[PDB]
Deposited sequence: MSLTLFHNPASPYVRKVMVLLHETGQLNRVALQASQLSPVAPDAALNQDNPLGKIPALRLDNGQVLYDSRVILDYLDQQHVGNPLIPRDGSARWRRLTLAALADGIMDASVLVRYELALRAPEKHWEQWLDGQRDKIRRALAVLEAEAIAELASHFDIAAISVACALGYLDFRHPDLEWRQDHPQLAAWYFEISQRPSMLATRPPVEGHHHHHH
């Protein structure tokens, strides 16, 4: 079968796992436990990475999601053409950017020695997250609710990661519509099954 190089904490892996659940493809993929190397190091250790039967490996998560969305016969979760394609992919990119910034803040606080922390840098990354959440609340609520697709899955996983690694960034208070949407989609079997450990 397909082998997915996997880690249960990664929000980028989670996107893939949620799509697999949602599209009924989970039983087609074997999860290979894979080691994180955030400080210093599937020869490139890409996570997620998807190995096909010829030994060739696909990455990163966006490429893997694109591939997997074409292997099932249900409604596509990534629009194949038209304005909706780039709108949903931009919303997904917005979510990926929330993840990128969240991961940078996490790696700094969890892995860099305190003496080497840079507050202006950390605040700059926090600001990206705040600005992105504001856009979602102001512009994207109806859009997210319309279809649990590439955009909704990516945002959901970004929000899950914020709760997981950054509980002290309270985001529900200033984004109540996003909070209500998230509470609901959090109960989907795909989301329940893919929560990060501890």
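Where are the holes in the model when you compare it to the deposited sequence?
Since the structure holds only modelled residues, the stretches it omits are 1, 43-49, 207-214.
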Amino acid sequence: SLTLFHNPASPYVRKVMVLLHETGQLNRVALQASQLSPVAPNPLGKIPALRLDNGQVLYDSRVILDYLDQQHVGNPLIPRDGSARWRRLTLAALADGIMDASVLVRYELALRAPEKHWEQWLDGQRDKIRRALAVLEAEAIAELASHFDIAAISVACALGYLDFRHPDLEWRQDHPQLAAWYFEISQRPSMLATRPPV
From here on, numbers count along this sequence of modelled residues.
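Return whichever of 44-52 and 26-34 has the greater mean Cα B factor according to the PDB record.
Comparing averages over the C-alpha atoms only gives 26-34.
Can you let me know which of the two, 148-156 or 134-142, has the higher average C-alpha B-factor in the entry?
Of 134-142 and 148-156, the stretch with the higher C-alpha B-factor average is 134-142.
Lowest, middle or highest third of the chain for the C-alpha temperature factor of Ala101?
Lowest third - that is where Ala101 ends up once the chain's C-alpha B-factors are sorted.
Lowest, middle or highest third: which one holds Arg172 when the chain's residues are ordered by CA B-factor from the entry?
It belongs to the highest third of the chain when residues are ordered by C-alpha B-factor.
Could you place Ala179 in the lowest, middle or highest third of its chain by Cα temperature factor, using the values in the record?
Highest third of the chain for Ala179's C-alpha B-factor.
Using only modelled residues of the chain, where does the Cα B factor of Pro79 rank: lowest third, middle third or highest third?
Its C-alpha B-factor belongs to the lowest third of this chain's values.
Going by what the PDB entry lists, where does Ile185 fall on CA B-factor within its chain: lowest, middle or highest third?
For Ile185, the deposited C-alpha B-factor lands in the highest third.
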